[PDB]
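Asks: Sequence first, structure after; it's an experimental one.
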Amino acid sequence: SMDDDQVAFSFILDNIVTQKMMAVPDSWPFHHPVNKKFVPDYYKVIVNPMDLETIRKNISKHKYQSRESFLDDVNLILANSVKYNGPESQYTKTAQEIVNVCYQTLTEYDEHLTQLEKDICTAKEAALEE
Ligand SMILES: CCOC(=O)Nc1cc(-c2ccc(C)c(NS(C)(=O)=O)c2)nn2c(C)nnc12
């Protein structure tokens, strides 16, 4: 209702992740960091690994003040799979649908998230004045 803007924004981001993005068919390889046991050279090819659980952990620490830095990490999941698996691999097409669902949901909530983003930024600027 008031002064809870960051808490609310993060709460919505987590629900987008758990309810929309993690619900993509066969998306489970993206729910957690790549297990080196199964992909022995992943961390030698991908310099900035990223996954949905890592994004949730970021959300719980309130890393994202706007959807833009949230989308940076989401789009990073797709670009990593493009680099490691190739553009037409089934992994990449799954990750591409994870990204699509993310954008579709953000667009559904656009006006609402803009309001939270404005209030979060103006509060941070006013709090750093002191
Ligand atoms: C070299 C042939 O191509 C590949 O095998 N690539 C990929 C493979 C897997 C993958 C496999 C098996 C398992 C059990 C898991 N589960 S987890 C989240 O613990 O690591 C993941 N994820 N993956 C992701 C993301 N991006 N690429 C891949």
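Replies: All right, it came through fine. Numbering: from 1, shown residues only.
Asks: Just the element for the spatially most central residue of the chain, please.
Replies: With distances taken as Cα atoms, centre = their mean, residue 74 lies nearest the centre of the chain, 4.0 Å away. Assessed by DSSP states H and E, residue 74 sits inside helix 67-85.
Asks: Report whether that helix contacts the ligand.
Replies: Yes: judged by Cβ under 6 Å from any ligand atom, helix 67-85 comes into contact with the ligand at 81, 84-85. Every residue, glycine included, has its C-beta placed from N, CA and C.
Asks: related to what we said a few turns ago, tell me who's in contact with the residue nearest to the centre of the chain.
Replies: Listed by Cβ atoms under 8 Å, 6 or more residues apart in numbering, the contact partners of residue 74 are 21, 55, 98-99, 102.
Asks: rerun at 7 Å
Replies: Contacts for residue 74 (Cβ atoms under 7 Å, 6 or more residues apart in numbering) come out as 55, 99, 102.
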